[PDB]
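Contents: one structure, followed by commentary.
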Amino acid sequence: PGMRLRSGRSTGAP
Amino acid sequence: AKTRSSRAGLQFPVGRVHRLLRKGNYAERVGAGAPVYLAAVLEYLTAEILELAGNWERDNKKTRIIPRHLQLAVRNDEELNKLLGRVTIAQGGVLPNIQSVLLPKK
Amino acid sequence: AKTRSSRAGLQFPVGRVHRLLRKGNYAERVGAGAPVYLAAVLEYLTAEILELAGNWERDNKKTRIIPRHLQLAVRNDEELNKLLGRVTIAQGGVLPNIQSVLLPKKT
Amino acid sequence: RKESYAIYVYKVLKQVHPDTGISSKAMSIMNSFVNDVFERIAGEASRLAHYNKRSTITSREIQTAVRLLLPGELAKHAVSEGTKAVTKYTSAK
Amino acid sequence: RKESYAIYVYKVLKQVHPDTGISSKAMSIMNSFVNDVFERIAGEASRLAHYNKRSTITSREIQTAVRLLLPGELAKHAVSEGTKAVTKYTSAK
Amino acid sequence: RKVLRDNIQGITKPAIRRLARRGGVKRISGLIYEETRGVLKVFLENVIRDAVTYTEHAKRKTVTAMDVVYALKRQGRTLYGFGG
Amino acid sequence: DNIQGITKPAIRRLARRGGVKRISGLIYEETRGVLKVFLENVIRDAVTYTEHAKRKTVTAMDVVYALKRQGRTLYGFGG
Amino acid sequence: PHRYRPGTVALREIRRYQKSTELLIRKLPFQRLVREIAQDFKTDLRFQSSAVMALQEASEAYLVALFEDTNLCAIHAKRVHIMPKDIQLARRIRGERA
Amino acid sequence: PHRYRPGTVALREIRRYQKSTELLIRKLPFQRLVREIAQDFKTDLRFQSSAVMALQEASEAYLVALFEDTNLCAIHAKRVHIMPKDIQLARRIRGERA
DNA sequence: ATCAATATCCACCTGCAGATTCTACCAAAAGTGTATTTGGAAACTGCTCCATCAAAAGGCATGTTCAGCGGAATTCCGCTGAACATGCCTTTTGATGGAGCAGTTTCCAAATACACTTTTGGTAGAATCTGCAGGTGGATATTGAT
DNA sequence: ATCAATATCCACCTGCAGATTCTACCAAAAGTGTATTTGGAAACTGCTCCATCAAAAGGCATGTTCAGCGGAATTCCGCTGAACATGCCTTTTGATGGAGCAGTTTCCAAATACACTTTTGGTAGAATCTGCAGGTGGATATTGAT
């Protein structure tokens, strides 16, 4: 799980 | 052989980032954690922008991101806009905006 | 033994400047011309601003240059004013200047 | 040759909008974007170390540099992500 | 020990105006002045060298730097003083 | 010792007029003073925020004049006279 | 001249993109003057990079660089 | 004889141009003006087609933004007309003038 | 019973303050504002006397330079009375707003 | 146009903080001098891609006309500057205790320095593929005259 | 409220410039293993200078009163820019020798890197020096009432 964007979404996946 | 970006769990080139720091005359020495921390920060801000630019892409019913979208993404976002407040995105237009004192009448 | 400075005909220290360019991390190496040339441009500029300040001092019937003299000198010279356009000289005040519309009368 | 962050920019794109493409012109802007920020952060990093008479930059600098360069929330998220990439990177082998 | 340009500013002061002094606050401004321009020129020089994939800062980089940074006249005279100084220095041995 | 509050009011009406004077201002509206303190407060918050960031990075508990000087230069307000 | 080649209709379009609804006739001349001062400051620096690199061709980077130090960074023509 | 009242079309164009991204100055005239101005810094020069485009892009964005601030000054003085003095006051505050 | 017309003393003041270079804000007061603002950003902080001086110096040179722009903005609107809208139009153009 | 009321200008005066004047130690500069390494100018050359010529392309220049905007004139309400009385709190001088910045010696985790091996991101000539810009059309929203 | 001249919109269509996927060779990286080196935290602690409380007085903030005149609302008209249609000249689009920007090779002046040897800019501190800040008083404005 990658990074958390301000919007709440994340990279997920590697 | 496993790459550092993998160890750091990043998309960005941790090696490259690291290579650029040293060959950039920023300091005598470069800690091993610097490029890692940095690569992350660059990847993260990159995601942040594509994220919003992508949104602008669908708003205008388009599947491919072009400069306009990037402009719309950055200027429509108080923080990214401040970050790039003295940057000009070539082929990025301007946000639609007409000073109220200048429209119609009743 | 001769200071590289005297060799170049300069008052400013060529060695110190050569030194600081290294420690400053501006490039891998630093040719010997660099410090000579830079120390000069620096020495030339201080002479330029001191010439003007000293005059400002004189104009004010003062023997000792102070910040205000430095400000008057700089802000009264198109070129220096620009070179320092985003610099603030502590204790330097501003140039006497009042917009016309603000003055009394007409005729 | 001429390196660019293009592929990585692209890999990150698909992580967020898997069905969205990107024009070359746009890619060119993202690269200018990355190179820019890189430079700003690296530069600030550099200064900090010089101010404090330090020879090594080192994730401390990169971080303080982020705090100094990135706006509000944008910086909050940035600092964690970085602090995370360095931990994950460290806790391995 | 804390270094300064104070004596060199002073020498020069006595050259242009033999009977004029300078208060410490004034001298301090002067000290900031030099370090300031010192930094800016070195910086421009730094970047010029990189843009051109060179690892050395020669008098030449410094010169172009002085041209990009100083306004019209000041630059023409700075370059003069510079070229002249290097030349004399060279033929010094 | 003592809780610090409402000091932006230490930026008295008099002090603010003087400033507009050195600035060439002849007539001042009654609403200027509050607007001014608000503007001064943002300026001080940004400059101090940056200065203190330097301090913490140096692991000191004392904000130095260099901290402020480095802070000012970041914001494009380079100051001469304090070691900077 | 060539500066007059930057026509009224173009300055009108530019102005429009910036929200301008009414344009005083004396504007066009004033605009060209401003645009000239702009190009002079940028080109001057850009060419100074060109010369420093012993070239006879101003490059996009030569421009991207001038612009950057003019404090007007441009994304799109080279990192 | 249909006939839009003054300001209706200008308002139309404002809508239009704030939507698109294309440069609004004709390329060749611009291309001439650039070379002409550069010819005073170095004789016999060549410009990559990209350097010109970058240069034009920087300029239009500059002017456009300068019109925005100019409009602000005009509106400030309770007008709806950008005048030379408006551009002047704006460039002045910007630090480009004095 | 003497009495100067409104504006006479004001003009006297501009000429006066434009002649001196001493700080116009009370020192002790300014120091607290700084210690307050600073304190809400981080606790148990200390200040070198000279650091407070630097902040005052920066601040006043800032506020003064801002007032000139404001003053121009009012005059632009054909007033001699600076108002908040003036300070605001200036900061917007300057790029502190925008 | 004179007149009284005050502020401004100015040369003189002098106690004093701040600057100039040594004395003396000296660590850190800075310079002198073989040794080793090498960045980059110099000459040579192929391949872009840039300046140029030319025919297809479509936007700018010109003049009539008049709507509506800017600026002059007028007017009045009330806000803001000048003047004054009252007294608070900042500023100045000082002495103090101790936080905390700063110097110094120690010393190991971490970085630089190769050496070698593995991979990978960039160039490419080639084939293949697709988001979407214009274009048509027919519906309907907008503006403006009546 | 009533058309009607137009602009704007939306659904649908498809050609292709531009994005994509491909096979492929490869210098340049990026990773990896070994040896050497040092930058900077740690512990100790000298001593700068910061927070503070003390005390006093007068500089200057505060609050008020009062009315001059600036701002802003308003009416108004002279005129300047906006809209528009007529006429075509300049810019745009595509094809082509060739001037240079780059890729490779070369080798020499110049830049390390290291060792001492020498000179100097900082500084500590007791010390005499001196420009001028701020007090003074009178001569010359400058200002506002008449």
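Residues in the structure tokens are numbered from 1 in each chain, the chains being A, B, ... in the order shown, and ligands are numbered from 1 in the order shown.
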
Contacts of stretch 12-26 of chain F within 6 Å, only C-alpha atoms (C1' of nucleotides), excl. fewer than 4 positions in-chain, as number ranges by chain:
C: 98; I: 10, 14, 17-18, 24-25, 64, 67-68, 71

Okay, now the selection with C-alpha atoms, as a CSV table (one decimal), in the first residue's frame?
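Saved as again.csv:
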```csv
chain,number,residue,atom,x,y,z
C,98,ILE,CA,5.8,63.2,-1.1
I,10,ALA,CA,0.2,65.6,8.6
I,14,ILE,CA,5.6,63.0,6.6
I,17,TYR,CA,9.5,60.8,9.6
I,18,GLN,CA,10.9,60.6,6.1
I,24,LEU,CA,8.3,53.9,15.0
I,25,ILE,CA,6.8,51.0,17.0
I,64,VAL,CA,6.2,51.2,5.4
I,67,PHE,CA,1.9,52.0,2.9
I,68,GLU,CA,3.5,53.7,-0.1
I,71,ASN,CA,-1.0,55.5,-0.8
```

Put chain I on top of chain H with a least-squares fit on all C-alpha atoms, paired in order, and send it back as a JSON list (two decimals) with N, CA and C atoms, in the first residue's frame.
```json
[["chain", "number", "residue", "atom", "x", "y", "z"],
["I", 1, "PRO", "N", -32.52, 44.38, -38.78],
["I", 1, "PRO", "CA", -31.07, 44.69, -38.62],
["I", 1, "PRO", "C", -30.67, 44.48, -37.16],
["I", 2, "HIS", "N", -30.08, 43.32, -36.88],
["I", 2, "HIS", "CA", -29.67, 42.96, -35.52],
["I", 2, "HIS", "C", -28.38, 43.66, -35.11],
["I", 3, "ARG", "N", -28.17, 43.77, -33.80],
["I", 3, "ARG", "CA", -26.98, 44.43, -33.26],
["I", 3, "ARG", "C", -26.90, 44.31, -31.73],
["I", 4, "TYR", "N", -25.83, 43.67, -31.25],
["I", 4, "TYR", "CA", -25.61, 43.48, -29.82],
["I", 4, "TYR", "C", -25.17, 44.75, -29.12],
["I", 5, "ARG", "N", -25.70, 44.97, -27.92],
["I", 5, "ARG", "CA", -25.32, 46.14, -27.15],
["I", 5, "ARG", "C", -23.81, 46.07, -26.87],
["I", 6, "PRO", "N", -23.15, 47.23, -26.77],
["I", 6, "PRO", "CA", -21.72, 47.22, -26.50],
["I", 6, "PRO", "C", -21.42, 46.53, -25.18],
["I", 7, "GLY", "N", -20.56, 45.52, -25.26],
["I", 7, "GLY", "CA", -20.16, 44.79, -24.07],
["I", 7, "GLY", "C", -20.56, 43.33, -24.09],
["I", 8, "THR", "N", -21.58, 43.03, -24.88],
["I", 8, "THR", "CA", -22.08, 41.68, -24.99],
["I", 8, "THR", "C", -21.05, 40.78, -25.66],
["I", 9, "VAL", "N", -20.54, 41.22, -26.81],
["I", 9, "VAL", "CA", -19.55, 40.43, -27.52],
["I", 9, "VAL", "C", -18.28, 40.33, -26.68],
["I", 10, "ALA", "N", -17.91, 41.44, -26.04],
["I", 10, "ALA", "CA", -16.72, 41.49, -25.19],
["I", 10, "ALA", "C", -16.80, 40.43, -24.12],
["I", 11, "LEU", "N", -17.97, 40.30, -23.50],
["I", 11, "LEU", "CA", -18.15, 39.28, -22.48],
["I", 11, "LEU", "C", -18.10, 37.92, -23.14],
["I", 12, "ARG", "N", -18.60, 37.81, -24.36],
["I", 12, "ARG", "CA", -18.54, 36.52, -25.03],
["I", 12, "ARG", "C", -17.07, 36.17, -25.21],
["I", 13, "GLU", "N", -16.28, 37.16, -25.59],
["I", 13, "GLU", "CA", -14.86, 36.91, -25.82],
["I", 13, "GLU", "C", -14.12, 36.47, -24.56],
["I", 14, "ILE", "N", -14.34, 37.15, -23.44],
["I", 14, "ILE", "CA", -13.68, 36.75, -22.21],
["I", 14, "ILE", "C", -14.00, 35.28, -21.89],
["I", 15, "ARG", "N", -15.27, 34.90, -21.96],
["I", 15, "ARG", "CA", -15.63, 33.53, -21.67],
["I", 15, "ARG", "C", -14.92, 32.59, -22.64],
["I", 16, "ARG", "N", -14.83, 32.99, -23.90],
["I", 16, "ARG", "CA", -14.20, 32.15, -24.89],
["I", 16, "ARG", "C", -12.70, 31.98, -24.68],
["I", 17, "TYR", "N", -11.98, 33.09, -24.66],
["I", 17, "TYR", "CA", -10.55, 33.00, -24.50],
["I", 17, "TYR", "C", -10.12, 32.43, -23.16],
["I", 18, "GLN", "N", -10.99, 32.54, -22.16],
["I", 18, "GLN", "CA", -10.66, 31.99, -20.86],
["I", 18, "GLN", "C", -10.87, 30.48, -20.85],
["I", 19, "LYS", "N", -11.43, 29.97, -21.94],
["I", 19, "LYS", "CA", -11.70, 28.56, -22.06],
["I", 19, "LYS", "C", -10.58, 27.87, -22.83],
["I", 20, "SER", "N", -9.93, 28.60, -23.74],
["I", 20, "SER", "CA", -8.87, 27.99, -24.53],
["I", 20, "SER", "C", -7.47, 28.26, -24.01],
["I", 21, "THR", "N", -6.49, 27.58, -24.58],
["I", 21, "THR", "CA", -5.12, 27.76, -24.17],
["I", 21, "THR", "C", -4.18, 27.94, -25.33],
["I", 22, "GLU", "N", -4.71, 28.31, -26.50],
["I", 22, "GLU", "CA", -3.86, 28.50, -27.66],
["I", 22, "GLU", "C", -3.28, 29.91, -27.54],
["I", 23, "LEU", "N", -2.15, 30.16, -28.18],
["I", 23, "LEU", "CA", -1.52, 31.48, -28.12],
["I", 23, "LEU", "C", -2.34, 32.48, -28.93],
["I", 24, "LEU", "N", -2.40, 33.70, -28.43],
["I", 24, "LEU", "CA", -3.18, 34.74, -29.07],
["I", 24, "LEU", "C", -2.39, 35.72, -29.95],
["I", 25, "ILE", "N", -1.07, 35.58, -30.02],
["I", 25, "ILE", "CA", -0.31, 36.48, -30.87],
["I", 25, "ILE", "C", 0.10, 35.68, -32.11],
["I", 26, "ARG", "N", 0.02, 36.31, -33.28],
["I", 26, "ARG", "CA", 0.38, 35.65, -34.53],
["I", 26, "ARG", "C", 1.80, 35.08, -34.37],
["I", 27, "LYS", "N", 2.03, 33.82, -34.76],
["I", 27, "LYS", "CA", 3.36, 33.22, -34.60],
["I", 27, "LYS", "C", 4.48, 33.84, -35.39],
["I", 28, "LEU", "N", 4.40, 33.82, -36.71],
["I", 28, "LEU", "CA", 5.46, 34.42, -37.50],
["I", 28, "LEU", "C", 5.81, 35.83, -37.02],
["I", 29, "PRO", "N", 4.79, 36.67, -36.81],
["I", 29, "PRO", "CA", 5.06, 38.03, -36.35],
["I", 29, "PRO", "C", 5.88, 38.06, -35.07],
["I", 30, "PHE", "N", 5.45, 37.30, -34.08],
["I", 30, "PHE", "CA", 6.15, 37.27, -32.82],
["I", 30, "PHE", "C", 7.61, 36.88, -32.99],
["I", 31, "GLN", "N", 7.85, 35.88, -33.84],
["I", 31, "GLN", "CA", 9.19, 35.38, -34.11],
["I", 31, "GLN", "C", 10.14, 36.49, -34.56],
["I", 32, "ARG", "N", 9.69, 37.36, -35.45],
["I", 32, "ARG", "CA", 10.50, 38.47, -35.94],
["I", 32, "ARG", "C", 10.84, 39.42, -34.81],
["I", 33, "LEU", "N", 9.83, 39.82, -34.07],
["I", 33, "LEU", "CA", 10.04, 40.72, -32.94],
["I", 33, "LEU", "C", 11.21, 40.16, -32.11],
["I", 34, "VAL", "N", 11.19, 38.85, -31.90],
["I", 34, "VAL", "CA", 12.22, 38.18, -31.13],
["I", 34, "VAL", "C", 13.56, 38.21, -31.85],
["I", 35, "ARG", "N", 13.54, 37.89, -33.13],
["I", 35, "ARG", "CA", 14.78, 37.92, -33.89],
["I", 35, "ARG", "C", 15.32, 39.34, -33.99],
["I", 36, "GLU", "N", 14.42, 40.33, -33.98],
["I", 36, "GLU", "CA", 14.86, 41.71, -34.07],
["I", 36, "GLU", "C", 15.53, 42.07, -32.74],
["I", 37, "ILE", "N", 14.74, 42.08, -31.67],
["I", 37, "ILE", "CA", 15.24, 42.39, -30.34],
["I", 37, "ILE", "C", 16.55, 41.64, -30.10],
["I", 38, "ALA", "N", 16.56, 40.34, -30.36],
["I", 38, "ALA", "CA", 17.74, 39.52, -30.14],
["I", 38, "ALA", "C", 18.92, 40.00, -30.96],
["I", 39, "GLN", "N", 18.63, 40.31, -32.22],
["I", 39, "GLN", "CA", 19.65, 40.76, -33.14],
["I", 39, "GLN", "C", 20.33, 42.04, -32.73],
["I", 40, "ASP", "N", 19.58, 42.95, -32.12],
["I", 40, "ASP", "CA", 20.21, 44.19, -31.70],
["I", 40, "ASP", "C", 21.09, 43.96, -30.44],
["I", 41, "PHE", "N", 20.96, 42.80, -29.81],
["I", 41, "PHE", "CA", 21.77, 42.47, -28.63],
["I", 41, "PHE", "C", 23.03, 41.73, -29.05],
["I", 42, "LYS", "N", 22.95, 41.03, -30.17],
["I", 42, "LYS", "CA", 24.08, 40.26, -30.65],
["I", 42, "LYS", "C", 23.72, 39.76, -32.03],
["I", 43, "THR", "N", 24.68, 39.85, -32.94],
["I", 43, "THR", "CA", 24.49, 39.46, -34.32],
["I", 43, "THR", "C", 24.73, 37.99, -34.62],
["I", 44, "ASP", "N", 24.24, 37.60, -35.79],
["I", 44, "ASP", "CA", 24.37, 36.24, -36.29],
["I", 44, "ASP", "C", 23.94, 35.20, -35.27],
["I", 45, "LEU", "N", 22.77, 35.39, -34.67],
["I", 45, "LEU", "CA", 22.25, 34.44, -33.70],
["I", 45, "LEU", "C", 21.26, 33.50, -34.35],
["I", 46, "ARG", "N", 21.11, 32.31, -33.77],
["I", 46, "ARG", "CA", 20.16, 31.34, -34.28],
["I", 46, "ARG", "C", 19.20, 30.93, -33.18],
["I", 47, "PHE", "N", 18.00, 30.51, -33.56],
["I", 47, "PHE", "CA", 17.02, 30.11, -32.57],
["I", 47, "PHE", "C", 16.44, 28.75, -32.86],
["I", 48, "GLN", "N", 16.29, 27.94, -31.82],
["I", 48, "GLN", "CA", 15.68, 26.63, -31.97],
["I", 48, "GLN", "C", 14.20, 26.98, -32.01],
["I", 49, "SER", "N", 13.43, 26.34, -32.89],
["I", 49, "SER", "CA", 12.01, 26.67, -32.97],
["I", 49, "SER", "C", 11.43, 26.71, -31.56],
["I", 50, "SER", "N", 11.69, 25.67, -30.78],
["I", 50, "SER", "CA", 11.17, 25.58, -29.41],
["I", 50, "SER", "C", 11.52, 26.75, -28.49],
["I", 51, "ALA", "N", 12.62, 27.45, -28.78],
["I", 51, "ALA", "CA", 13.03, 28.57, -27.97],
["I", 51, "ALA", "C", 12.12, 29.78, -28.25],
["I", 52, "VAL", "N", 11.68, 29.90, -29.49],
["I", 52, "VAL", "CA", 10.80, 31.01, -29.83],
["I", 52, "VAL", "C", 9.47, 30.70, -29.15],
["I", 53, "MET", "N", 9.07, 29.43, -29.18],
["I", 53, "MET", "CA", 7.83, 29.00, -28.55],
["I", 53, "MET", "C", 7.84, 29.30, -27.06],
["I", 54, "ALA", "N", 8.98, 29.02, -26.42],
["I", 54, "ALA", "CA", 9.10, 29.28, -24.99],
["I", 54, "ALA", "C", 8.94, 30.77, -24.72],
["I", 55, "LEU", "N", 9.60, 31.61, -25.52],
["I", 55, "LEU", "CA", 9.47, 33.04, -25.32],
["I", 55, "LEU", "C", 8.03, 33.49, -25.53],
["I", 56, "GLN", "N", 7.35, 32.92, -26.52],
["I", 56, "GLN", "CA", 5.97, 33.35, -26.73],
["I", 56, "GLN", "C", 5.16, 32.90, -25.53],
["I", 57, "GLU", "N", 5.30, 31.64, -25.15],
["I", 57, "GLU", "CA", 4.57, 31.14, -24.00],
["I", 57, "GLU", "C", 4.79, 32.04, -22.77],
["I", 58, "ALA", "N", 6.05, 32.35, -22.46],
["I", 58, "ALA", "CA", 6.36, 33.17, -21.30],
["I", 58, "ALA", "C", 5.71, 34.53, -21.42],
["I", 59, "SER", "N", 5.93, 35.15, -22.58],
["I", 59, "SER", "CA", 5.40, 36.49, -22.85],
["I", 59, "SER", "C", 3.89, 36.62, -22.72],
["I", 60, "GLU", "N", 3.14, 35.69, -23.29],
["I", 60, "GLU", "CA", 1.70, 35.80, -23.20],
["I", 60, "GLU", "C", 1.22, 35.53, -21.78],
["I", 61, "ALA", "N", 1.78, 34.53, -21.11],
["I", 61, "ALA", "CA", 1.35, 34.27, -19.74],
["I", 61, "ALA", "C", 1.66, 35.50, -18.92],
["I", 62, "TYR", "N", 2.69, 36.23, -19.33],
["I", 62, "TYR", "CA", 3.08, 37.43, -18.63],
["I", 62, "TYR", "C", 2.08, 38.55, -18.91],
["I", 63, "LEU", "N", 1.87, 38.83, -20.19],
["I", 63, "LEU", "CA", 0.95, 39.90, -20.55],
["I", 63, "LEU", "C", -0.45, 39.66, -19.99],
["I", 64, "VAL", "N", -0.91, 38.42, -20.02],
["I", 64, "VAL", "CA", -2.25, 38.10, -19.51],
["I", 64, "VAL", "C", -2.36, 38.36, -18.02],
["I", 65, "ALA", "N", -1.42, 37.81, -17.25],
["I", 65, "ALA", "CA", -1.41, 38.00, -15.81],
["I", 65, "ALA", "C", -1.33, 39.49, -15.47],
["I", 66, "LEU", "N", -0.71, 40.27, -16.37],
["I", 66, "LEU", "CA", -0.56, 41.70, -16.17],
["I", 66, "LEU", "C", -1.88, 42.41, -16.40],
["I", 67, "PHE", "N", -2.64, 41.93, -17.38],
["I", 67, "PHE", "CA", -3.93, 42.53, -17.70],
["I", 67, "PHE", "C", -4.93, 42.36, -16.56],
["I", 68, "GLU", "N", -4.89, 41.22, -15.88],
["I", 68, "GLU", "CA", -5.80, 40.99, -14.77],
["I", 68, "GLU", "C", -5.53, 42.07, -13.71],
["I", 69, "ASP", "N", -4.26, 42.24, -13.35],
["I", 69, "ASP", "CA", -3.91, 43.24, -12.36],
["I", 69, "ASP", "C", -4.39, 44.62, -12.80],
["I", 70, "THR", "N", -4.21, 44.91, -14.09],
["I", 70, "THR", "CA", -4.64, 46.17, -14.67],
["I", 70, "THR", "C", -6.14, 46.29, -14.49],
["I", 71, "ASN", "N", -6.85, 45.26, -14.93],
["I", 71, "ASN", "CA", -8.30, 45.22, -14.82],
["I", 71, "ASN", "C", -8.78, 45.51, -13.39],
["I", 72, "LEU", "N", -8.06, 44.98, -12.40],
["I", 72, "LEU", "CA", -8.43, 45.22, -11.01],
["I", 72, "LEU", "C", -8.19, 46.67, -10.70],
["I", 73, "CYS", "N", -7.08, 47.20, -11.19],
["I", 73, "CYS", "CA", -6.75, 48.59, -10.95],
["I", 73, "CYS", "C", -7.79, 49.56, -11.50],
["I", 74, "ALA", "N", -8.34, 49.26, -12.67],
["I", 74, "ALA", "CA", -9.35, 50.12, -13.25],
["I", 74, "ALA", "C", -10.58, 50.04, -12.38],
["I", 75, "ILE", "N", -11.04, 48.83, -12.12],
["I", 75, "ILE", "CA", -12.21, 48.65, -11.29],
["I", 75, "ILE", "C", -12.03, 49.40, -9.98],
["I", 76, "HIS", "N", -10.81, 49.38, -9.46],
["I", 76, "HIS", "CA", -10.52, 50.07, -8.22],
["I", 76, "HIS", "C", -10.85, 51.56, -8.32],
["I", 77, "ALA", "N", -10.60, 52.12, -9.50],
["I", 77, "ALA", "CA", -10.86, 53.52, -9.79],
["I", 77, "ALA", "C", -12.31, 53.71, -10.22],
["I", 78, "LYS", "N", -13.09, 52.66, -10.07],
["I", 78, "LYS", "CA", -14.50, 52.68, -10.44],
["I", 78, "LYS", "C", -14.72, 52.90, -11.93],
["I", 79, "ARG", "N", -13.91, 52.21, -12.71],
["I", 79, "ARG", "CA", -14.01, 52.24, -14.16],
["I", 79, "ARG", "C", -14.07, 50.77, -14.58],
["I", 80, "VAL", "N", -14.35, 50.54, -15.85],
["I", 80, "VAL", "CA", -14.40, 49.18, -16.39],
["I", 80, "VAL", "C", -13.53, 49.25, -17.64],
["I", 81, "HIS", "N", -12.88, 50.41, -17.78],
["I", 81, "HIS", "CA", -12.01, 50.75, -18.89],
["I", 81, "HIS", "C", -10.55, 50.72, -18.52],
["I", 82, "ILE", "N", -9.81, 49.68, -18.86],
["I", 82, "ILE", "CA", -8.40, 49.75, -18.51],
["I", 82, "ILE", "C", -7.66, 50.85, -19.31],
["I", 83, "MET", "N", -6.80, 51.58, -18.61],
["I", 83, "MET", "CA", -6.01, 52.65, -19.21],
["I", 83, "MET", "C", -4.51, 52.46, -18.90],
["I", 84, "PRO", "N", -3.64, 53.25, -19.53],
["I", 84, "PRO", "CA", -2.21, 53.07, -19.25],
["I", 84, "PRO", "C", -1.91, 53.28, -17.78],
["I", 85, "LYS", "N", -2.49, 54.32, -17.20],
["I", 85, "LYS", "CA", -2.25, 54.58, -15.80],
["I", 85, "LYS", "C", -2.53, 53.33, -14.98],
["I", 86, "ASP", "N", -3.48, 52.50, -15.42],
["I", 86, "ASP", "CA", -3.79, 51.26, -14.70],
["I", 86, "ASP", "C", -2.61, 50.28, -14.82],
["I", 87, "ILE", "N", -2.13, 50.08, -16.04],
["I", 87, "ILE", "CA", -1.01, 49.20, -16.28],
["I", 87, "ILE", "C", 0.18, 49.70, -15.50],
["I", 88, "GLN", "N", 0.30, 51.01, -15.39],
["I", 88, "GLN", "CA", 1.44, 51.57, -14.68],
["I", 88, "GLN", "C", 1.37, 51.42, -13.18],
["I", 89, "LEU", "N", 0.20, 51.67, -12.60],
["I", 89, "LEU", "CA", 0.08, 51.52, -11.17],
["I", 89, "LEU", "C", 0.40, 50.07, -10.84],
["I", 90, "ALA", "N", -0.11, 49.15, -11.66],
["I", 90, "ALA", "CA", 0.16, 47.73, -11.42],
["I", 90, "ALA", "C", 1.65, 47.38, -11.46],
["I", 91, "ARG", "N", 2.35, 47.79, -12.50],
["I", 91, "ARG", "CA", 3.76, 47.49, -12.60],
["I", 91, "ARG", "C", 4.53, 48.13, -11.45],
["I", 92, "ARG", "N", 4.09, 49.31, -11.01],
["I", 92, "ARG", "CA", 4.80, 49.93, -9.90],
["I", 92, "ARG", "C", 4.65, 49.06, -8.66],
["I", 93, "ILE", "N", 3.41, 48.70, -8.32],
["I", 93, "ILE", "CA", 3.20, 47.88, -7.14],
["I", 93, "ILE", "C", 3.93, 46.54, -7.27],
["I", 94, "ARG", "N", 3.82, 45.90, -8.43],
["I", 94, "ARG", "CA", 4.48, 44.62, -8.70],
["I", 94, "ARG", "C", 5.98, 44.71, -8.43],
["I", 95, "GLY", "N", 6.55, 45.88, -8.71],
["I", 95, "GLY", "CA", 7.96, 46.08, -8.49],
["I", 95, "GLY", "C", 8.78, 46.09, -9.76],
["I", 96, "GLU", "N", 8.14, 46.32, -10.89],
["I", 96, "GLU", "CA", 8.81, 46.39, -12.18],
["I", 96, "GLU", "C", 9.16, 47.86, -12.41],
["I", 97, "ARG", "N", 8.59, 48.73, -11.57],
["I", 97, "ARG", "CA", 8.66, 50.22, -11.55],
["I", 97, "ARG", "C", 8.82, 50.51, -10.03],
["I", 98, "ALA", "N", 8.12, 51.38, -9.30],
["I", 98, "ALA", "CA", 8.38, 51.39, -7.84],
["I", 98, "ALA", "C", 9.40, 52.47, -7.46]]
```

Excluding residue K:54 and any residue of its chain fewer than 2 positions from it, enumerate the residues within 10 Å of it, using only C-alpha atoms (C1' of nucleotides), and give them as an MDAnalysis selection string.
(chainID J and resid 94:95) or (chainID K and resid 52 56)

Using only C-alpha atoms, find each residue in chain G having at least one atom no more than 8 Å away from chain E; report its shortest atom-to-atom pair and that distance in Å (one decimal), rows by chain then rising number, as a tab-separated table.
```
residue	atom	partner	partner_atom	distance
G:45	CA	E:68	CA	6.1
G:48	CA	E:64	CA	7.2
G:49	CA	E:48	CA	7.9
G:52	CA	E:64	CA	6.8
G:53	CA	E:52	CA	7.0
```

Using N, CA, C and O atoms, can you export the residues from the last selection as a short mmCIF file (atom, residue, chain, number, x, y, z; two decimals), in the first residue's frame?
```cif
data_model
loop_
_atom_site.label_atom_id
_atom_site.label_comp_id
_atom_site.auth_asym_id
_atom_site.auth_seq_id
_atom_site.Cartn_x
_atom_site.Cartn_y
_atom_site.Cartn_z
N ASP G 45 19.28 37.97 -21.11
CA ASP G 45 19.83 36.92 -20.25
C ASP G 45 20.03 35.61 -21.01
O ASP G 45 21.09 35.00 -20.92
N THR G 48 22.90 35.61 -23.19
CA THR G 48 24.10 35.61 -22.37
C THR G 48 24.50 34.18 -22.02
O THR G 48 25.68 33.91 -21.75
N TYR G 49 23.53 33.28 -21.98
CA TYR G 49 23.83 31.90 -21.70
C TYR G 49 24.36 31.33 -23.00
O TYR G 49 25.34 30.60 -23.01
N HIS G 52 27.91 32.27 -23.51
CA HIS G 52 28.74 31.58 -22.55
C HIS G 52 28.99 30.13 -22.95
O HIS G 52 29.95 29.51 -22.48
N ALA G 53 28.14 29.59 -23.80
CA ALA G 53 28.30 28.22 -24.23
C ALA G 53 28.80 28.17 -25.66
O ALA G 53 28.56 27.21 -26.38
#
```
